[PDB]
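Chemist: Below you'll find the sequence and an experimental structure to go with it.
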Amino acid sequence: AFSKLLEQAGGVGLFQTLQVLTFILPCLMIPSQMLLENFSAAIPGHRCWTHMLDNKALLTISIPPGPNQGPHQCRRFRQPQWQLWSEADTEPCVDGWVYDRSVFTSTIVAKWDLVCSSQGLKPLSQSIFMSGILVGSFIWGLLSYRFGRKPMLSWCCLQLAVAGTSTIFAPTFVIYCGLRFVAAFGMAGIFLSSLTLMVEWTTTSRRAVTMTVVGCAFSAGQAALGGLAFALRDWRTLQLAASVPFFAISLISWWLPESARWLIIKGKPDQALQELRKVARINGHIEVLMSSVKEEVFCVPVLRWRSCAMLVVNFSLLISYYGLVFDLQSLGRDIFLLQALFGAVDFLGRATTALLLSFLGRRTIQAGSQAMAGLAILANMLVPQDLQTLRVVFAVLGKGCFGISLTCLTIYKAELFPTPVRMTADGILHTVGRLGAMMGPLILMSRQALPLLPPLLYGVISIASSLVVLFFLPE
């Protein structure tokens, strides 16, 4: 019924249009913050510092061949081989590394030597961020009953800004990783507050649309990261450009009014009455309020079964999605083009999804799309490095397909669970999905031991979930 009241107080008003415009800004800058370390932490060609090179032929005698048929990136000859050997003439870089600055002027990987034995510290930084999202989204949820959505949006925008601008002045990796947890903690409160405010200040019909617009803004945001990176190579400038813009969003998040629904459930009808009156004034437009909102104010074995399959699918999609989006450099050599293309293939996917759904079903599409994504990830690892266009095409197909599955899952998710239980099951699924997103960047830590372990796991997991969707999900 609250949707109805809002209909009365201009749920069809301009205040919705303006609210969506204002929220498009945080949604355009969030993907840049999360996936920034694909460009700020890019791995540049590195080699041992040798006395013969830093104090073309000199390269060979100083540094041995490598497994990828190139200067080894981890060890050097103790004594120069003017003979040009045994693995015994090799020593790890005791004196450090000499990174190439041709493509990436400055990357964290060069600042804190996140190479060789430490090559896993880069994927961990991306999982400390993701954990910071999970721990944050949990805490902000608890604090949601006590504090308002608007104050939480404004604070969490400042938290992200301070912490994000501050990382540029971080002397050690521990501090960097810590200041990325704080930034992610804040971003979780932005995701929560933004969504909750937009959903709750619109009628139930427009919700599905409003969410589509927010989703499109995120896709444009991913694309824009590639562009912002192409312009700002220095990691410090990229971090400021993806963090500073939040201070402005925090100041322009004051115009927004507090969720009326929250105020009423909280217990404050007078405050709630004021906001609706204001939104209405924007739209050029107490007993009525209560009578309408009074109603609003997996134990079952079948439900237990569906829930498990759903959790397995939501975990798998996001343990493979995040793996792909956090590993741009391993996919194709041009990361800048790839990020932009990834952001673009999301829009195309959204649009294709509808036609595909017309002809087929929410279950076939999901499974088929997931399988296709897994197959694409498997193809990329197999496709030769020389054929770059093919490698890029398969990755973009993988990203698009994950987008088709994540769109289909959402529709299916809400549909399968009753309104009393939608909140519980949806929340549990999201918690599982966030755990998956924190174990996606972590499987990439295993590249050291077995290079093909990351792509093989993302591929096989996706294909396995495809089967689960096909067998244990109805329409």
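Modeler: It's in. Numbering: from 1, shown residues only.
Chemist: Tell me where the stretch 101-250 of the chain has helices.
Modeler: Ranges of helices in the stretch 101-250 of the chain, per DSSP state H, counting those that start in this stretch, are 108-111, 121-144, 149-166, 173-200, 204-231, 235-243, 245-251.
Chemist: between the ones you listed, which one is nearest to residue 315?
Modeler: The minimum distance between residue 315 and these falls on helix 121-144, with 12.6 Å, by CB to CB. Where C-beta positions appear, they are placed from N, C-alpha and C, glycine not excepted.
Chemist: report the angle between the axes of the closest one and helix 149-166?
Modeler: Orientation of helix 121-144 against helix 149-166 (axes from the mean of the first three to the mean of the last three CA atoms, to 10 degrees) gives an angle of 160 degrees.
Chemist: just to confirm, which helix or strand has the spatially closest residue to residue 275 that is not a sequence neighbour in it?
Modeler: Leaving aside its chain neighbours, residue 275 sits nearest to residue 257 (4.4 Å; criterion: CB to CB, 6 or more residues apart in numbering). Counting by DSSP states H and E, no helix or strand carries residue 257.
Chemist: and the residue in the chain sticking out farthest from the centre, helix, strand or coil?
Modeler: When each C-alpha in the chain is compared with the mean C-alpha position (CA atoms, centre = their mean), residue 83 comes out farthest, at 50.9 Å. Recorded secondary structure, residue 83: coil (DSSP: H, G, I helix; E, B strand; the rest coil).
Chemist: Could you measure from it over to residue 378?
Modeler: 43 Å (CB to CB, to the nearest Å).
Chemist: One more: residue 110?
Modeler: Between residue 110 and residue 378 the distance is 32 Å, computed by CB to CB.
Chemist: do residue 308 as well
Modeler: Residue 308 sits 26 Å away from residue 378, going by CB to CB.
Chemist: Also residue 321?
Modeler: Distance of residue 321 to residue 378, computed by CB to CB: 15 Å.
Chemist: more neighbours, the two?
Modeler: residue 321 (23 against 20; other CB atoms under 10 Å).
Chemist: Wait, a helix at that one?
Modeler: Yes. Counting by three-state DSSP, residue 321 is located in a helix.
Chemist: What is the neighbour count of the closest residue to it other than its chain neighbours?
Modeler: Of all residues beyond its chain neighbours, the one nearest residue 321 is residue 402 (4.7 Å), with distances taken as CB to CB, 6+ apart. Residue 402 is flanked by 29 other residues according to other CB under 10 Å.
Chemist: Check whether residue 402 sits in a helix, strand or coil.
Modeler: helix.
Chemist: thinking it is in contact with residue 371, fair?
Modeler: No. Contact criterion CB atoms under 8 Å: residue 402 and residue 371 do not qualify, at 11.5 Å.
Chemist: Quickly list the domain ranges of the chain.
Modeler: Under the assignment automatic domain parsing, the domains of the chain span 1-38+116-297, 51-98, 299-475.
Chemist: which stretch among the ones you listed comes nearest residue 104?
Modeler: Nearest of these (CB to CB): domain 1-38+116-297, 6.4 Å.
Chemist: Name the residues of stretch 244-264 that are buried.
Modeler: Neighbour counts over stretch 244-264 (16 or more other CB atoms under 10 Å) mark 245-247, 249-250, 253, 256-264 as buried.
Chemist: Any idea how far apart the tips of stretch 257-270 sit?
Modeler: With CA to CA, to the nearest Å as the measure, stretch 257-270 spans 14 Å from end to end.
Chemist: oh, and call the first residue 16 from now on, that's how I've got it
Modeler: In the new numbering, first residue 16, that becomes stretch 272-285.
Chemist: Pull the number of nearby residues for residue 149.
Modeler: 20.
Chemist: mind listing what it touches?
Modeler: Residues near residue 149 by CB atoms under 8 Å, 6 or more residues apart in numbering: 203, 446, 449-450, 452-453.
Chemist: Out of those residues, which sit inside strands?
Modeler: Within these, no residue falls in strands by DSSP state E.
Chemist: Out of these, give me the one that has the most neighbours.
Modeler: residue 452 (27 neighbours).
Chemist: what sits against that one?
Modeler: Each residue near residue 452 by CB under 8 Å, 6+ apart is listed here: 145, 148-149, 333-334, 336-337.
Chemist: Identify the farthest-apart pair in the residues you listed.
Modeler: Using CB to CB, the contacts of residue 452 span at most 15.4 Å, a distance reached by 149 and 336.
Chemist: where along the stretch 366-490 of the chain do the helices fall?
Modeler: 377-397, 403-431, 434-453, 455-458, 468-487.
Chemist: Among those helices, which comes closest to residue 184?
Modeler: Of all these, helix 455-458 sits nearest to residue 184, with 24.6 Å by CB to CB.
Chemist: which ones are touching residue 224?
Modeler: So residue 224 contacts nothing (CB under 8 Å, 6+ apart).
Chemist: The one 3 residues further on too?
Modeler: With contact taken as CB under 8 Å, 6+ apart, residue 227 is in contact with residue 365.
Chemist: how close does it sit to residue 270?
Modeler: Residue 227 is 23 Å from residue 270, where distance means CB to CB.
Chemist: next one: residue 78
Modeler: In terms of CB to CB, residue 78 sits 59 Å off from residue 270.
Chemist: Show residues contacting stretch 102-110.
Modeler: 63-65, 79, 87, 89-94, 96, 131-132.
Chemist: An error on my part: the question was meant for stretch 391-399.
Modeler: If you take CB under 8 Å, 6+ apart as the criterion, stretch 391-399 is touched by 335, 339, 346, 405-406, 409-410, 412-413, 416, 467, 470-471, 473-474, 477.
Chemist: Same question for stretch 459-478.
Modeler: By CB under 8 Å, 6+ apart, the list of residues contacting stretch 459-478 reads 134-135, 138-139, 141-142, 331-332, 334-335, 338-339, 341-342, 345, 385-386, 388-390, 392-393, 395-396, 455, 458.
Chemist: at 7 Å instead, please
Modeler: 134-135, 138-139, 331, 334-335, 338-339, 341-342, 385-386, 388-389, 392-393, 395-396, 458 (CB atoms under 7 Å, 6 or more residues apart in numbering).
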